[PDB]
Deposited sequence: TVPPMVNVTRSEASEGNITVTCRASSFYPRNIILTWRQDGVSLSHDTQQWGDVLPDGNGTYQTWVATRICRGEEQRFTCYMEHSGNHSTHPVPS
């Protein structure tokens, strides 16, 4: 098992990238105030191999200016989990 590297980027579109993980099974989602967003209000990457024996994926959602502090990206992989804010 290889734990994902999780990185959140703000462009407002916020994107949560999980990279370099194994096995391919992973849960990633945006939350607003801890409440998991529906699948249909997020944009989803495929889970793709990276040529080093691991996988990567991503999930994005569109938010309004000033709402960043309400949004977090939740990850579960291989019995572990984490929560990441939008960087400021």
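Counting the deposited sequence from 1, the single stretch lacking C-alpha coordinates is 12-17.
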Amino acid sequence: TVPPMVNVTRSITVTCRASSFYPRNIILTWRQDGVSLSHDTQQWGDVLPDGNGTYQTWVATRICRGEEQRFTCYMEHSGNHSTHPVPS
From here on, numbers count along this sequence of modelled residues.
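For the two regions 43-51 and 28-36, the entry's Cα B-factors average higher over 43-51.
Ranked by C-alpha B-factor against the other modelled residues of its chain, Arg70 falls in the middle third. In the PDB entry, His77 places in the lowest third of its chain by CA B-factor. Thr15 sits in the middle third of its chain by CA B factor, as recorded in the PDB entry.
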